[PDB]
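sharing the initial chains of the complex here, in place:
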Amino acid sequence: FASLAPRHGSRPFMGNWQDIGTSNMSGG
Amino acid sequence: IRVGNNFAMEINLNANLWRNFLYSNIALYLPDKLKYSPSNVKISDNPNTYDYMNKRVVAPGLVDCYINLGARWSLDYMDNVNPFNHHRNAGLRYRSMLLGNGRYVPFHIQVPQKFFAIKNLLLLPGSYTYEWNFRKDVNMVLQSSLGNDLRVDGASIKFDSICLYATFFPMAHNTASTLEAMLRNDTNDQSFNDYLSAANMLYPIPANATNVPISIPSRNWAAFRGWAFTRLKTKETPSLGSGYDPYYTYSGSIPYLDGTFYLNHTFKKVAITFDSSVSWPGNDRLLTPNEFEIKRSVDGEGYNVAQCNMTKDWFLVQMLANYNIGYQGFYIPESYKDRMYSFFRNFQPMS
Amino acid sequence: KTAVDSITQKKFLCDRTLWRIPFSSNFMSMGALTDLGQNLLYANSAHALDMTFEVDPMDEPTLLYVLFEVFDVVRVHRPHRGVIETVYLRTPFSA
Amino acid sequence: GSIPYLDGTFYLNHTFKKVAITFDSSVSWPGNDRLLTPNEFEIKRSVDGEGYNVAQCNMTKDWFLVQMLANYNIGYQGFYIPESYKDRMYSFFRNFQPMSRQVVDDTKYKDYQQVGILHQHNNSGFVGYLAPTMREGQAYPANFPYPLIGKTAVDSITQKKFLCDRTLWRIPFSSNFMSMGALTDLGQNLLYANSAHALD
Amino acid sequence: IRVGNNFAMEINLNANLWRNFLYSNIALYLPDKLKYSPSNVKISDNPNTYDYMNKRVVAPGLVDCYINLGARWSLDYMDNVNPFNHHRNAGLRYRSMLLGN
């Protein structure tokens, strides 16, 4: 999916792999 | 020609500015048991009316410019009074002026969606019905800074029209169809979680009652996370579950709904006993390991923190419940973990 | 030099907050699904709870607002155009 | 004084009504039915008969979307407060302060008299007349302003506006008004095109 | 020996501190069409002169301690006036004292 990512230089500016879901609760 | 020094009259300016501060902000917001009815003035009989709360004359000698000189000390009269029902409440000060300065206000509001399943939900294509029930109670839709009954006080609200708006990201149609196809699996289900994540029970405390026993009947306690308890007021908490509460003559801040809790200091101790014999946490954990002593009036053994009466057991638990601080030294937590509704942001010890 | 014989009063005020007691074996947040919450999955037995609070007396009917912290989770499935399907689950206090 | 051309101390941002951009004298930009009034960038509306204002002010829903997307990439997944590093000093939401008041409704209130500054005598015998000079007059009941509150509140009309100082009304030349890169996707379609377009 | 209560005179302090605030900061910075010429005082003819801008007397009743009570409202007269041409311009208030007095 490098055609959806912005190009910083000539490399796709991707996010991290494990930053997909949320985990926050009221103190946990 | 003047013979001698001129005529003048001496004023104490800084004391008069500080006597105006303590009266307008603290002495006028005292409990009504400290006030009295003025002479030859017809006052209303209903204590929840602005005509009552305005005309109950309070003595300036109760909170005058010499009260607790050199003491960082909140009044014991003013601990149980809601500090958010005040005209220096800078949120409600901002929310009052955001509509205007007049009695007759045509408003135009954009009300956010808060139900956690449909709050961050990314809807796929399809036609959905979307039906919502809105309130019209002027003690619920509005907030006064005194807490008077706005039903008696003539405050009315009239909802003319309503529209639903929806901002769409203009995604490319062969990309928004690949994302559509990926999000229609049973493996790519959008799973959400309420941030509070708690089933919330209200237990009544009678007047002048010290012991409050509650009792959960019998249940499997798997995936249980903990407790978060706070005292409220029956006057300030509406009977939710009913669509209209006719006995709710209050329009101040609702601590049940906004997080403006202030009766935290009114707790002595907490005894948690699972299954009537197993004291929790048991295991000789705490310094008084069968109960959570939140504060001590009479301490001879010296188990208090912070030059206040909060115990060393309870300060350990609250710094560990919020910050994972307490086994490797107590210190100031960083400003990103220490949010607004947190323990250490608001813990203000006094003497 | 003419100060009176005085006695000291100490207290604290902690507004805006909830008194959190975590159901964890070391009172810490090592995860949202705590170790005592998983100890009760493998025990497979029901226990009763009898909490007892001692509060300061007020001249007013007050309430007690205890948050029994659960996992109030919603899983949302949209399998077809115009089809919405949700499964809810919260544990312990299932409903 | 301060030069807003050089200092960056822009303050006449509230004096804009609408913006119409047309490429090649016929093609109205952005086109594509993007906005709620898609032929122009309505910045504010005094009429508001169709219900297109935000923030309890008179800024439109099209324009507040564009400005929260030009600066912040905020608006397609809910409007929220941008974080403190995205929200700099010369930015939008740092300076956007929407306001409202009520004044007298001179065509509805049946007892209105337009009392000019020559005849407004509030603080009558305790304040000098039309000057910061010495007091003059008598301790007399005032006539200005009209009460907007109380049981004898006048029939009022609401004026809404906003002030958004220090900032520039950014309209990005991107196909979704977002900052996905400094070389935007609409600037790459015109790249290597060798085609001149009129801008009106 | 004084018979009865003593002599005294009353000032409203928090109004006079608030009325000094609104005159020094807002009423003196009103546009020149609102101000008028001082009686029997000489004045310059160039409106870009400090001797002009000092001596144009402005009425305190324009911005007094009752203007838009309970309204968070910048004045419509003061919207088109540059807010940075003001003596509370805390940069210029600091840049002036950084050279001296």
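Perfect, I can see it now. Numbering: from 1, shown residues only, chains lettered A, B, ... in the order given.

so residue D:125 lies in a helix, does it not?
Yes - under DSSP: H, G, I helix; E, B strand; the rest coil, residue D:125 falls within a helix.

any idea how far it lies from residue B:9?
Taking C-beta to C-beta, to the nearest Å as the measure, residue D:125 falls 20 Å from residue B:9. To be clear about C-beta, it is placed using only N, CA and C from the backbone, and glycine gets the same treatment.

these two: who's more crowded?
Per other C-beta atoms under 10 Å in any protein chain shown, whichever of residue D:125 and residue B:9 has more neighbours is residue D:125, with 11 against 7.

tell me which helix or strand comes right after the helix or strand that contains residue B:53.
Assigned by DSSP states H and E, residue B:53 belongs to helix B:50-55. Remark: after helix B:50-55, the chain's next helix or strand is helix B:90-97, criterion DSSP H and E.

return the alpha-carbon coordinates of that next one using PDB.
Only the C-alpha atoms of helix B:90-97 are listed here, as PDB (Å, rounded to 0.1, in the frame of the first residue of the first chain):
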ATOM      1  CA  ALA B  90     -14.400  29.700  34.200                       C
ATOM      2  CA  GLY B  91     -16.000  27.000  32.100                       C
ATOM      3  CA  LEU B  92     -19.600  28.100  32.800                       C
ATOM      4  CA  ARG B  93     -18.300  31.700  32.700                       C
ATOM      5  CA  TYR B  94     -17.200  30.900  29.200                       C
ATOM      6  CA  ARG B  95     -20.300  28.900  28.300                       C
ATOM      7  CA  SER B  96     -22.600  31.700  29.500                       C
ATOM      8  CA  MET B  97     -21.000  34.300  27.300                       C
END
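
ok, whichever residue of chain A sits closest to chain D to chain B distance?
Nearest residue of chain A to chain D, counting by C-beta to the nearest C-beta: residue A:6, 4.5 Å away. Distance of residue A:6 to chain B, given as C-beta to the nearest C-beta, to the nearest Å: 14 Å.

around chain A, pick out the residues from chain B.
B:175, B:193, B:195-198, B:225-226, B:228, B:321-322 (C-beta under 8 Å from any C-beta of the partner chain).

looking at those, which one is closest to chain D?
Nearest to chain D among those, counting by C-beta to the nearest C-beta, is residue B:175 at 12.2 Å.

contacts only, for that closest one.
By C-beta atoms under 8 Å, 6 or more residues apart in numbering or on different chains, residue B:175 lies in contact with residue A:4.

longest single strand anywhere in chain C?
strand C:46-55 (DSSP state E).

okay, now chain F:
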Amino acid sequence: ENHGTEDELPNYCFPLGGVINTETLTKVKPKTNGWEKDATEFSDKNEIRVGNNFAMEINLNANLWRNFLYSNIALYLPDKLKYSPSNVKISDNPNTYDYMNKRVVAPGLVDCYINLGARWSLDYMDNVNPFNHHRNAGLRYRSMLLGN
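Okay, chain F now, added to the rest:
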């Protein structure tokens, strides 16, 4: 950081009924030019003020600024500037609070006009410890943390 005082308006104080120096007058009705005493309906004694009332003028924003500079800067001057009071006994030890309390200091040393328009710390007040001051908000907190 001496900005001067914002006192373009005069600040006045007034007697408790708005006026105190009224005089006694008598109602007079015209002859049916000509005048005659009207004591039938109205009384012959009416307290009516002729002209403006009595008032006293105070400069408030200068008195608040002059109280600020004396209590914070002029009282904390070095002891070479202060002098002994008249007819008041004083401690001989200069390290005593009774010494430091009773050394009377001239308000004209740090008055409401000192270095106007200059962000300038005093050369008298450079070598003085700024943390031996009652606006030391740490020590102002630590003193109240034990009590009053």
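
so which other helices or strands are in contact with the longest strand of chain C?
Packing partners of strand C:46-55 (3 or more C-beta pairs under 8 Å, 6 or more residues apart in numbering or on different chains; DSSP states H and E): strand B:211-213, strand B:216-220, strand B:226-233, strand B:267-274, strand C:62-69.

stretch F:38-46: end-to-end distance?
12 Å (C-alpha to C-alpha, to the nearest Å).

hmm, who's touching it?
By C-beta under 8 Å, 6+ apart, stretch F:38-46 touches F:24-29, F:37.

next one: stretch B:211-223
B:201, B:203, B:205, B:274, C:33, C:37-38, C:40-41, C:43-55, C:64, C:66, C:68, C:70-71, C:91-93.

and the residue most central in space within chain F, which of the three is it?
In chain F, the centroid-proximal residue (C-alpha atoms, centre = their mean) is residue F:63; its distance is 4.3 Å. Under three-state DSSP, the three-state class of residue F:63 is helix.

for chain B, give me its nearest residue in chain D.
Of all residues in chain D, residue D:102 sits closest to chain B, at 3.0 Å by C-beta to the nearest C-beta.

and the gap between that residue and residue B:144?
Going from residue D:102 to residue B:144 by C-beta to C-beta gives 18 Å.

and the two? Which one has more around it.
residue D:102 (26 against 21).

my read: that one touches residue D:160, true?
No - here residue D:102 does not reach residue D:160: they are 10.2 Å apart, not a contact under C-beta atoms under 8 Å.

chain center to the helix holding residue B:53, what's the gap?
Relative to its chain's centre, helix B:50-55 lies at 24 Å (C-alpha atoms, centre = their mean, to the nearest Å).

buried residues, stretch D:81-88. List them.
By neighbour count on 16 or more other C-beta atoms under 10 Å in any protein chain shown, the buried set for stretch D:81-88 is residue D:82.

three-state assignment of the residue of chain D closest to chain B?
In three-state terms, and counting by three-state DSSP, residue D:102 is strand.

beta partners for it?
Counting by DSSP bridges, residue D:102 is bridged to residue D:158.

contacting residues around it?
Contact analysis of residue D:102 by C-beta under 8 Å, 6+ apart lists B:100-102, B:104-105, D:148, D:156-159, E:71.

are any of those buried, and which?
Counted by 16+ other C-beta under 10 Å, the contacts of residue D:102 give B:100-102, B:105, D:148, D:156-159, E:71 as buried.

which of the three states applies to the residue nearest the centre of chain D?
What sits nearest the mean C-alpha location of chain D, by C-alpha atoms, centre = their mean, is residue D:162, with 3.8 Å. Secondary structure, three-state DSSP: residue D:162 is strand.

chain G next, sequence below:
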Amino acid sequence: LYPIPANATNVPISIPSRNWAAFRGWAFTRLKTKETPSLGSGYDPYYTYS
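Adding chain G to what we have so far:
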């Protein structure tokens, strides 16, 4: 220790739910709250009885 109010004739108690294996029996006697200190507390300043 289950508390009984003043002049209260009926006293309902309740054990919620338990495995009652190896239970031996009951033995009960009314006391006085004035005469019985709340143990577990190291010092009761309201216990005026000796």
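
now with chain G: the buried residues of stretch D:81-88?
Going by neighbour count (16+ other C-beta under 10 Å), the buried part of stretch D:81-88 is residue D:82.

gap between that stretch and the chain center?
What separates the centre of stretch D:81-88 from the centre of its chain is 20 Å, taken as C-alpha atoms, centre = their mean.

so what's residue 11 bridging to?
Going with chain A. Bridge pairing for residue A:11 - DSSP bridges - gives residue A:8.

actually, chain C is the one I wanted.
Residues in beta-bridge contact with residue C:11 (DSSP bridges): residue B:350.

neighbours of it, how many?
Around residue C:11 there are 18 residues (other C-beta under 10 Å).

which non-adjacent residue is nearest whatever residue of chain C ends up closest to chain F?
Per C-beta to the nearest C-beta, the residue of chain C with the smallest distance to chain F is residue C:8, at 5.7 Å. Ranked by C-beta to C-beta, 6 or more residues apart in numbering or on different chains and with sequence neighbours excluded, the top spatial neighbour of residue C:8 is residue F:147, at 5.7 Å.

what's near enough to touch the one you found?
Contacts for residue F:147 (C-beta under 8 Å, 6+ apart) come out as B:71, B:351, C:8.

pick the one among these closest to chain G.
Checking the contacts of residue F:147 against chain G by C-beta to the nearest C-beta gives residue C:8 as the nearest, at 16.7 Å.

mind telling me what element the spatially most distant residue from the centre of chain F is part of?
In chain F, counting by C-alpha atoms, centre = their mean, residue F:32 sits farthest out from the average C-alpha position, at 57.5 Å. Counting by DSSP H and E, no helix or strand carries residue F:32.

residues from chain D in reach of chain F?
Those residues of chain D that sit near chain F, judged by C-beta under 8 Å from any C-beta, are D:125-126, D:128, D:132, D:134-139.

in which helix or strand would I find whatever residue of chain F ends up closest to chain G?
Per C-beta to the nearest C-beta, the residue of chain F with the smallest distance to chain G is residue F:147, at 22.1 Å. Assigned by DSSP H and E, residue F:147 belongs to no helix or strand.

which ones are touching the residue nearest to the centre of chain F?
Residue F:63 touches residue B:13, counting by C-beta under 8 Å, 6+ apart.

what do you get for residue A:27?
Residues near residue A:27 by C-beta under 8 Å, 6+ apart: B:225-226, B:228, B:321-322, C:20, C:22, C:29, C:69.

out of those residues, who's nearest residue D:168?
residue B:322 (42.1 Å; C-beta to C-beta).

verify the stated contact: the closest one with residue B:339.
No - look at residue B:322 against residue B:339 with C-beta under 8 Å: they stay out of range, at 9.1 Å.
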